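A single chain, nothing else alongside it, follows as C-alpha cells in the form deposited in one PDB entry.
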C-alpha cells in the first residue's frame, strides 16, 4: 500500500534516537567488559574503533534509512538486491537480542520488589540463604570469608546452580516479573510509538540526575583514587591477545545498535531533505560520554571495596554480568535512609531499559510488517502479530531464569548479537556501499539529501578503515583462539560452545545463503543473472 508515516517533528526523531542509544548497554555492559580485561588496557582499542568505524557506520545507517523509506530488510532491495541477506541477518540479530535483554530488567524488578523493606537484605547476613563463611565487610579485614553483597545475589537472586548441566527448577518469583515486563511492553506498543508530551520531561532527565548522584557518592569514598588509577592505566601486556581487541570492538557496535534494523527504521520516518548530520554527531557524543563517565562511578566503588576488605582490586568482585548489581547496591548502602535511594536506583534502571526496549521492538515490527504490508495490514492483524512475537520471546527468555540460568545468559551475551556477527555484518555493509554501489554515487545521493557531501572522514572510514579493522579482528581471533569461561573460573563443556557457535552462525549465514537463493532463481546465463541483481530494482 502507498501509505507511509513520517515524524510530526524533528524533536520526535531526536527523542526516539536518544531513547534507542542510552540504556543498559552503557551502565551495565561496559563496566564488566572493562573489568574482565583489566581496566585501562580496554580503552585504547575502544577509542581506535570508535573514531575509525563506529560513528561513520551509525551515520550510514541513519542516512540509508532516510534515503530509502523502508525498514531493515526492504531498503537493500533499492541499494543492491544481490546482497539483501544483510537485512535478514540484521533482523535475526534483533530477534535474538530481545530474548535475553529483558532478563536484566527482570532482575532489576526483583531488586525493586525486595527494596521496599525496613532493612535492605544485602546489608547484613543474618538471613537464611547465607553460608557460614559470611562476614560483614567491616570485619572481613579483621580463609574463605565472603561478603553478603555477593551472597545475596548468588544465593537468593540467581540461586546459582553448580553448572549448566544442572538446570534445576524454574524460579517462579522471577518468572512473574519476566511476564510483567512483557505486559508493560505490550500495552505501550499495541497502539504505536509517540512522545506523549510532558511525560518526556520527566523520563528523559531523572535517570541522568540519578546517575550524577551516584557518581558524586562514588568519588567521595575513601578508596576511590586507587580505583581510578586501576581504571585509567593501560597494561600494555594485555594488547598481545585478541580478546581485549574484539571485546572492545564489538562493544561499540553493540552500544550504538547499528548492526540492527532499529536505526534504519528510525531514519526512514524523516523527510527526504532533512539534515541529520549534526544530531547524529551530538548524540554519539552523548552516548560515549555517558558510557565513559559511568566508569568513574563503578571503579571508585570497587577501589573502595578493595581498600575496605584488603584485597587486590581485580579480586574483589565478579568478573561477569553481575558486576553492576554487586557494585551499585554497595554504594547505595552508604547513604542516609538507604531504602529511598534503593527505590530510586532501580526505578532509574527500569526507565533506562523500557525506552530502549520499546524503540527496538517497534523497529523489529516495522522491519517485518514492511514485508507484508497488505496481509499484515492495520487492524486485528497487528494485534495478533505483536503478541505472536512477544509470547515466543517470553517463552524463550523463560529458559534462563532457572537455577542454571546464568550460564546460559553468559553464553547468549558472548555469542548472540554481541560478537563476531557484528563484525561480519558491518564489513559487508561497508563493502557493499563503498565498492559495489559506488562511493561516488552514494556521496552524490548524500549531497542531494543533505546539501553537502560527506567528506574524507566518512569516505575513507567506509572504504578502507572499517573493512581492514573487521578483517584484522576476525583473523586475529581465530589464529589465537581461546575458549569461553564464566567468572574466570568455570570452563564450558563442548556442547555449550557448539551451541554458541550455532547461535552465531544462525545470524552470519543469512548473507551468503540469500545470494545463492537469488542467483539460482534468475534465468539466463550467470553473467546476465548477476547483472540483473546488482542493479537497483524497486
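Positions refer to the first chain, counted from 1. Basically, rigid core = biggest C-alpha set you can superpose within 1.5 Å across the two forms.
One more form of this protein exists, namely the form deposited with a small molecule bound; it is left out here, but the text below deals with it.
S.K.: Work out which of 254, 346, 304, 107 lies within 4.5 Å of the small molecule in the bound PDB entry, going by heavy atoms.
M.R.: Partner contact (heavy atom, 4.5 Å) among the options: 254.
S.K.: If you check 244, 332, 260, 430 against the small molecule in the bound PDB entry, which one has a heavy atom within 4.5 Å?
M.R.: That would be 260.
S.K.: Within 4.5 Å, heavy atoms only: does residue 101 come near the small molecule in the bound PDB entry?
M.R.: Residue-level check for residue 101: yes, a contact with the small molecule.
S.K.: Would you check, heavy atoms only and a 4.5 Å threshold, whether residue 97 touches the small molecule in the bound PDB entry?
M.R.: Close contact exists here: in the bound PDB entry, residue 97 approaches the small molecule to within 4.5 Å, heavy atoms only.
S.K.: Check whether residue 66 has any heavy atom within 4.5 Å of a heavy atom of the small molecule in the bound PDB entry, and answer yes or no.
M.R.: Output for residue 66 is no: heavy atoms all beyond 4.5 Å of the small molecule.
S.K.: Compare C-alpha positions between this form and the one not shown after fitting on the rigid core and state which of 229, 133, 127, 273 moves by at least 2 angstroms.
M.R.: The answer here is 273.
S.K.: Superposing on the rigid core, I want to see if residue 114 changes position between this form and the one not shown - specifically a Cα shift of 2 Å or more.
M.R.: After core superposition, the C-alpha of residue 114 moves less than 2 Å between this form and the one not shown.
S.K.: Hey, does residue 514 budge by 2 Å or more at the Cα between this form and the one not shown once the core is superposed?
M.R.: No, residue 514 moves less than 2 Å.
S.K.: Superpose on the rigid core, then tell me if the C-alpha of residue 456 is displaced by 2 angstroms or more between this form and the one not shown.
M.R.: No, its C-alpha moves less than 2 Å.
S.K.: Knowing the Cα distance between residue 17 and residue 81 changes 3 Å or more in the bound PDB entry, does it shrink or grow relative to here?
M.R.: Those two alpha carbons end up farther apart in the bound PDB entry.
S.K.: Mind checking the CA-CA distance of residue 194 and residue 347 in the bound PDB entry? It differs by 3 Å or more from this form, so is it closer or farther?
M.R.: Here the pair is farther apart than in the bound PDB entry; there, closer.
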